[PDB]
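Note sheet for the following structure.
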Amino acid sequence: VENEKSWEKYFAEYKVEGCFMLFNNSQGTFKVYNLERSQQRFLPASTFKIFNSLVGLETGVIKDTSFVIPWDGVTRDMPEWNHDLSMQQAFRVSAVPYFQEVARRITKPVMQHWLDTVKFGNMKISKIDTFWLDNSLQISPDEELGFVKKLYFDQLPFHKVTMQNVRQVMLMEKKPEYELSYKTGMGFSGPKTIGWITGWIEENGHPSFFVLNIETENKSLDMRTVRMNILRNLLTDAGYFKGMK
Ligand SMILES: *C(=O)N1C[C@H](NOS(=O)(=O)O)CC[C@H]1C(N)=O
């Protein structure tokens with residue numbers, strides 16, 4: 001593990017705290033800003049959709065990535081969500097109600113079995129449809145990094161087609177120079193807003209795994225935009241987006 005202290009630049013620019021972890025498979029380099037935070041636990045918020053999708057597909061609650069759960073007719077603050085959505089659409093717009101219904105169909109005893117089998121964070125369920133957003137379940141950035149690396153390499157205890165389907169829906173940006181796959185998250189913990197982006201970037205078929213975790217006590221900061229700007233600035237600094245990795 002190399003300590004990359006210059007990455008503080010991109011967090012200080014937004015007056016936030018955070019860590020960044022970057023594992024470049026092909027060059028065998030592993031860089032981390034804020035090692036202490038990388039070992040601290042936080043609620044996963046919407047990054048848990050990776051796990052929920054895996055278990056939903058594996059148990060067969062979700063038939064395939066086109067599987068539709070209708071809108072329940074409850075109008076929510078995000079217009080994207082007030083529709084009948086396929087798994088792929090719900091994942092990409094981060095539609096919480098889709099995955100709350102997945103969790104209820106999985107059921108708490110089955111969910112607990114899969115948390116325990118994968119050894120996912122503190123493995124703690126409060127309520128079946130809130131536990132990844134209400135600060136009961138917690139996971140560290142280093143744990144999220146290990147999890148997505150195992151997902152990429154088919155090392156989790158799921159069927160290969162289950163894991164291929166989740167990798168496919170995680171693909172968010174594709175150019176000839178790079179393919180960027182990730183899941184974002186945002187949650188609340190005490191006075192703090194916690195932001196996540198977990199995923200990988202592939203250039204020439206070579207993956208680099210990353211986890212970004214940020215926090216602020218400034219209630220007026222736009223975490224949704226700031227987390228993405230910070231990720232793009234960090235990966236640009238590290239030499240990505242040009243097809244050279
Ligand atoms: C997940 O963290 N959430 C669902 C939704 N989209 O989040 S994302 O942009 O982080 O993927 C809004 C934020 C958050 C929530 N409020 O539950």
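Ligands are numbered from 1 in the order shown, chains are lettered A, B, ... in the order of the structure tokens, and residues start at 1 in each chain.
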Surroundings of ligand 1 up to 6 Å, based on only C-alpha atoms and all ligand atoms, as a list in words: residues 45, 46, 94, 96, 184, 185, 186, 187 and 224 of chain A
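For residue 165 (chain A), the list of residues within 8 Å, based on only C-alpha atoms and with local chain neighbours fewer than 3 positions off taken out, reads residues 64, 65, 161, 162, 168 and 169 of chain A.
Residue neighbourhood of residue 203 (chain A), excluding near-sequence residues (fewer than 5 positions): residues 177, 178, 179, 241, 243, 244 and 245 of chain A, at 8 Å, using only C-alpha atoms.
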Region 117-215 of chain A: residues DSSP assigns to strand (DSSP E), reported as a PyMOL selection string: chain A and resi 171-174+179-189+192-203+206-215
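Computed from the coordinates, the CA of residue 19 (chain A) to CA of residue 199 (chain A) distance equals 14.4 Å.
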Those in region 31-145 of chain A with helix (DSSP H, G or I) from DSSP, as a ChimeraX atom specification: /A:35-38,45-59,79-81,87-92,96-106,108-118,141-145
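Residues in contact range of residue 191 (chain A), defined as at most 9 Å between only C-alpha atoms, with sequence neighbours fewer than 4 positions away removed, read residues 216, 217, 218 and 219 of chain A.
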Got time to write the residues from that selection, C-alpha atoms, as a short mmCIF file (atom, residue, chain, number, x, y, z; two decimals), in the first residue's frame?
```cif
data_model
loop_
_atom_site.label_atom_id
_atom_site.label_comp_id
_atom_site.auth_asym_id
_atom_site.auth_seq_id
_atom_site.Cartn_x
_atom_site.Cartn_y
_atom_site.Cartn_z
CA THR A 216 -19.38 16.56 5.22
CA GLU A 217 -21.21 18.33 8.04
CA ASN A 218 -22.11 21.13 5.62
CA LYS A 219 -25.78 20.51 4.91
#
```
